[PDB]
């Protein structure tokens, strides 16, 4: 009965390294690399939390938020290299509960994931 995390990240190698670390810290973690696939997968699998990049093939992160939010109310943590002020404000306003700059220290990501899961 571990918390289920879905990592949505185009960088396959980065996604996996992040996945392995979170798994080592009491989380069950899956990885999706396509934005359109993420929308379908998030709605059907209903992860406890989504770690979401803004830049994605198929559908970008902002579009992923808009499309899943009517059917998915769990925390979404945006994790991206798109770190300008406008980008951050826009992500949050579109439905992300957090917006984190890459590269993120593993422990910091874990702490933010835990804090979000705490308020559900």
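Positions refer to the first chain, counted from 1.
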{"query": "Average Cα temperature factor in the PDB entry - higher stretch of 31 to 39, 78 to 86", "finding": "78 to 86"}
{"query": "Third of the chain's Cα B-factor distribution that residue 16 belongs to, per the entry", "finding": "lowest"}
{"query": "Chain third (lowest, middle, highest) by recorded CA B-factor, residue given as residue 2", "finding": "highest"}
{"query": "Ranked against its chain, the third holding the CA B-factor of residue 94", "finding": "middle"}
{"query": "Relative C-alpha B-factor of residue 58, binned into the chain's lowest, middle or highest third", "finding": "highest"}
